[PDB]
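*Asks:* Enclosed is the structure file entry.csv (CSV, C-alpha atoms (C1' of nucleotides)).
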chain,number,residue,atom,x,y,z
T,1,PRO,CA,-14.8,35.6,46.7
T,2,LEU,CA,-11.9,35.8,44.2
T,3,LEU,CA,-11.3,34.6,40.7
T,4,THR,CA,-8.2,33.4,38.9
T,5,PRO,CA,-7.0,34.9,35.6
T,6,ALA,CA,-7.9,31.7,33.7
T,7,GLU,CA,-11.5,31.8,35.0
T,8,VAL,CA,-11.9,35.5,34.0
T,9,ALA,CA,-10.4,34.4,30.7
T,10,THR,CA,-13.1,31.8,30.2
T,11,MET,CA,-16.1,34.0,31.1
T,12,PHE,CA,-15.4,36.6,28.4
T,13,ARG,CA,-14.0,34.0,26.1
T,14,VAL,CA,-10.7,35.9,25.9
T,15,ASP,CA,-7.0,35.0,26.3
T,16,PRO,CA,-5.9,35.4,30.0
T,17,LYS,CA,-3.1,37.8,28.9
T,18,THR,CA,-5.9,40.1,27.8
T,19,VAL,CA,-7.4,39.9,31.3
T,20,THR,CA,-3.9,40.8,32.6
T,21,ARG,CA,-4.2,43.7,30.1
T,22,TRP,CA,-7.5,44.9,31.5
T,23,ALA,CA,-5.8,44.8,34.8
T,24,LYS,CA,-3.0,47.0,33.3
T,25,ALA,CA,-5.1,49.8,32.0
T,26,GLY,CA,-7.2,50.3,35.2
T,27,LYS,CA,-10.7,49.0,34.4
T,28,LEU,CA,-10.1,45.9,36.5
T,29,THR,CA,-9.0,46.0,40.2
T,30,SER,CA,-6.4,43.3,40.8
T,31,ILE,CA,-5.2,41.8,44.1
T,32,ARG,CA,-1.8,40.3,43.8
T,33,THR,CA,-0.4,37.0,45.1
T,34,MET,CA,2.9,37.6,46.8
T,35,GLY,CA,4.4,35.7,43.9
T,36,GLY,CA,3.0,38.4,41.7
T,37,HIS,CA,0.0,36.5,40.3
T,38,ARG,CA,-3.4,38.2,39.8
T,39,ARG,CA,-6.6,37.4,41.7
T,40,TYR,CA,-9.6,39.4,40.5
T,41,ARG,CA,-12.4,40.6,42.8
T,42,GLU,CA,-15.4,38.9,41.3
T,43,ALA,CA,-17.8,41.8,42.0
T,44,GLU,CA,-16.0,44.0,39.4
T,45,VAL,CA,-16.2,41.1,37.1
T,46,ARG,CA,-20.0,41.3,37.5
T,47,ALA,CA,-19.8,45.0,36.7
T,48,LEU,CA,-18.2,43.9,33.4
T,49,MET,CA,-21.3,41.8,32.5
T,50,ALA,CA,-23.3,44.8,33.6
T,51,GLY,CA,-21.3,46.5,30.9
B,1,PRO,CA,-3.4,37.4,69.5
B,2,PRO,CA,-5.7,35.8,66.9
B,3,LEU,CA,-4.2,33.1,64.7
B,4,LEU,CA,-5.1,31.7,61.2
B,5,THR,CA,-4.8,28.2,59.9
B,6,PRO,CA,-3.1,27.8,56.5
B,7,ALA,CA,-6.4,26.9,54.9
B,8,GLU,CA,-7.9,30.3,55.8
B,9,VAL,CA,-4.9,32.3,54.5
B,10,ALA,CA,-5.2,30.1,51.4
B,11,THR,CA,-8.8,31.2,51.1
B,12,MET,CA,-8.2,34.9,51.5
B,13,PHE,CA,-5.6,34.9,48.7
B,14,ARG,CA,-7.6,32.3,46.6
B,15,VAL,CA,-4.4,30.1,46.6
B,16,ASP,CA,-3.7,26.5,47.5
B,17,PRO,CA,-2.6,26.0,51.2
B,18,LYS,CA,0.7,24.4,50.0
B,19,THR,CA,1.6,27.8,48.5
B,20,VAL,CA,1.0,29.6,51.8
B,21,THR,CA,3.4,27.0,53.3
B,22,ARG,CA,5.9,27.9,50.6
B,23,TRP,CA,5.4,31.7,51.4
B,24,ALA,CA,6.2,30.9,55.0
B,25,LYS,CA,9.1,28.6,54.1
B,26,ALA,CA,10.6,31.4,52.0
B,27,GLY,CA,10.7,34.2,54.5
B,28,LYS,CA,7.8,36.1,53.0
B,29,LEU,CA,5.5,35.3,55.9
B,30,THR,CA,5.9,35.0,59.7
B,31,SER,CA,5.0,31.4,60.8
B,32,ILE,CA,4.2,30.0,64.3
B,33,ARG,CA,4.5,26.3,64.8
B,34,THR,CA,2.2,24.1,66.9
B,35,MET,CA,3.8,21.3,69.0
B,36,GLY,CA,3.4,18.9,66.0
B,37,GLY,CA,4.9,21.4,63.5
B,38,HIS,CA,1.8,22.7,61.7
B,39,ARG,CA,2.0,26.3,60.7
B,40,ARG,CA,-0.3,29.1,62.1
B,41,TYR,CA,0.0,32.6,60.7
B,42,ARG,CA,-0.8,36.0,62.2
B,43,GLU,CA,-4.1,37.6,61.0
B,44,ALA,CA,-2.9,41.2,61.6
B,45,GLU,CA,0.3,40.8,59.5
B,46,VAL,CA,-1.7,39.0,56.8
B,47,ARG,CA,-3.9,42.1,56.2
B,48,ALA,CA,-0.8,44.3,56.7
B,49,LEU,CA,-0.2,42.6,53.3
B,50,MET,CA,-3.5,43.8,52.0
B,51,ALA,CA,-2.1,47.2,52.9
B,52,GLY,CA,0.8,46.6,50.6
O,1,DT,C1',-9.7,6.0,73.0
O,2,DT,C1',-11.8,6.6,67.9
O,3,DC,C1',-12.8,9.7,63.8
O,4,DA,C1',-13.2,13.3,60.1
O,5,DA,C1',-10.6,17.1,58.5
O,6,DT,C1',-6.4,19.2,57.9
O,7,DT,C1',-1.5,19.8,57.1
O,8,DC,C1',2.4,18.2,56.9
O,9,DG,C1',6.5,16.2,53.3
O,10,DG,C1',8.1,15.4,48.5
O,11,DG,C1',7.4,15.2,43.5
O,12,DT,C1',5.3,16.3,39.2
O,13,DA,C1',1.9,18.7,36.0
O,14,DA,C1',-0.3,23.3,34.9
O,15,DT,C1',-0.7,28.6,35.1
O,16,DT,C1',1.1,32.9,35.2
O,17,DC,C1',4.3,36.5,34.6
O,18,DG,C1',7.0,39.6,31.7
O,19,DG,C1',8.8,41.3,27.7
O,20,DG,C1',9.0,41.6,23.1
O,21,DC,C1',7.1,40.6,18.3
O,22,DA,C1',3.0,40.3,14.9
N,1,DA,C1',-5.3,51.3,21.4
N,2,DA,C1',-6.5,46.4,21.5
N,3,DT,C1',-5.6,40.9,21.0
N,4,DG,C1',-3.1,37.1,20.1
N,5,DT,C1',0.9,34.5,20.1
N,6,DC,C1',6.1,32.6,21.2
N,7,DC,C1',9.7,32.0,25.1
N,8,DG,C1',12.0,31.6,29.4
N,9,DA,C1',11.6,31.8,34.1
N,10,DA,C1',9.1,32.0,38.1
N,11,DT,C1',5.0,30.8,40.7
N,12,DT,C1',1.4,27.9,41.7
N,13,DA,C1',-1.8,23.4,41.7
N,14,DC,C1',-2.7,18.5,42.0
N,15,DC,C1',-0.9,14.1,43.3
N,16,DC,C1',0.4,10.8,47.0
N,17,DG,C1',1.0,8.5,51.9
N,18,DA,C1',1.6,9.5,56.7
N,19,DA,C1',1.3,12.6,60.5
N,20,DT,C1',-1.2,16.2,63.3
N,21,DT,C1',-5.4,18.5,64.6
N,22,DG,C1',-9.3,19.3,67.7
Take the structure I supplied and represent it as structure tokens, if you would.
*Replies:*
Amino acid sequence: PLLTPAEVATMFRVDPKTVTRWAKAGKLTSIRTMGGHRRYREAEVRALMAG
Amino acid sequence: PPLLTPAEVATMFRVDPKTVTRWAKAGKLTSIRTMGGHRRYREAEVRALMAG
DNA sequence: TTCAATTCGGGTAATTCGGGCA
DNA sequence: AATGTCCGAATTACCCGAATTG
């Protein structure tokens, strides 16, 4: 399963650009759409509620 | 060779099937057409894009 | 043959990117 | 470092009816 940047934005209650920024700095593995959009592996996103 | 319907591609990218059709229509993706003109894409190449 | 599910097309909203600024 | 916001441009998502699928 994959999640959109908006969804990941909602779960932490943070702006989706900040999700984009957690993708920047390495602590979120991001798969990219061939238009260059982010899709985040939802397992890692569990690891972030584990943290 | 194994073939994928645009709904399955759509699923693996978490992306609306229309957008996969756009990707085909814009050269980014190799498309095969059935006798009616529906697209079918090539599995192998599609994870050649998970390689990228 | 019929039948549910999908995938055509086009059009139009809604996200997302990216960079730069606060 | 670490978010939040404004902008423009690009990408993607939902809407429809009709055609194709298997």
*Asks:* Which polymer residues have any atom within 12 Å of an atom of residue O:16, counting only C-alpha atoms (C1' of nucleotides), with same-chain residues fewer than 6 positions away left out, as JSON, numbers by chain?
*Replies:* {"T": [4, 5, 6, 16, 17, 19, 20, 32, 33, 35, 36, 37, 38, 39], "N": [9, 10, 11, 12, 13]}
*Asks:* Which residue gives the smallest distance to chain T among B:1, B:50, B:32, B:27, with only C-alpha atoms counted?
*Replies:*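 Among the listed residues, B:50 lies closest to chain T.
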*Asks:* Give me the residues within 10 Å of residue B:49 as a list in words, counting all atoms listed in the file and dropping any in the same chain fewer than 2 places off.
*Replies:*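 With the cut-off at 10 Å, the set is residues 32, 33 and 34 of chain T; 29, 43, 44, 45, 46, 47, 51 and 52 of chain B.
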*Asks:* Please report the interatomic distance between atom CA of residue T:27 and atom CA of residue T:48 in Å with one decimal.
*Replies:*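 Computing it gives 9.1 Å between the two atoms.
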*Asks:* When distances are computed from all atoms listed in the file, which of B:18, B:42, B:28, B:33 shows the smallest separation from chain T?
*Replies:*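 Smallest separation from chain T among the options: B:28.
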*Asks:* Report the distance between atom CA of residue B:12 and atom CA of residue B:35 in Å, rounded to one decimal place.
*Replies:*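 Here the two named atoms are 25.2 Å from each other.
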*Asks:* Please tabulate, as a Markdown table, the residues of chain O that come within 12 Å of chain T, each with its closest pair of atoms and the distance in Å to one decimal, counting all atoms listed in the file and ordering rows by chain, then residue number upward.
*Replies:*
| residue | atom | partner | partner_atom | distance |
| --- | --- | --- | --- | --- |
| O:14 | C1' | T:6 | CA | 11.4 |
| O:15 | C1' | T:6 | CA | 8.0 |
| O:16 | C1' | T:37 | CA | 6.3 |
| O:17 | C1' | T:37 | CA | 7.1 |
| O:18 | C1' | T:17 | CA | 10.6 |
*Asks:* Taking all atoms listed in the file into account, which residues of chain O are within 9 Å of chain B, as a PyMOL selection string?
*Replies:* chain O and resi 6-8
*Asks:* Quick one: distance from atom CA of residue B:13 to atom CA of residue T:46 in Å, one decimal?
*Replies:* 19.3 Å
*Asks:* Just want the 12 Å neighbourhood of residue O:4, counted on all atoms listed in the file, with same-chain residues fewer than 2 positions away dropped. Output as a ChimeraX atom specification.
*Replies:* /O:2,6 /N:21-22
*Asks:* Write the residues of the selection above to a file with C-alpha atoms (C1' of nucleotides), as an mmCIF file, in the coordinates of the input.
*Replies:*
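part-v5.cif, freshly written:
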data_model
loop_
_atom_site.group_PDB
_atom_site.id
_atom_site.type_symbol
_atom_site.label_atom_id
_atom_site.label_comp_id
_atom_site.auth_asym_id
_atom_site.auth_seq_id
_atom_site.Cartn_x
_atom_site.Cartn_y
_atom_site.Cartn_z
ATOM 1 C "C1'" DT O 2 -11.800 6.600 67.900
ATOM 2 C "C1'" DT O 6 -6.400 19.200 57.900
ATOM 3 C "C1'" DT N 21 -5.400 18.500 64.600
ATOM 4 C "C1'" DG N 22 -9.300 19.300 67.700
#
*Asks:* What's around residue O:21 at 12 Å? Count only C-alpha atoms (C1' of nucleotides), leave out sequence neighbours fewer than 3 positions away in its own chain, and write the answer as a list in words.
*Replies:*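 Residues near the query, excluding close chain neighbours: residues 4, 5, 6 and 7 of chain N.
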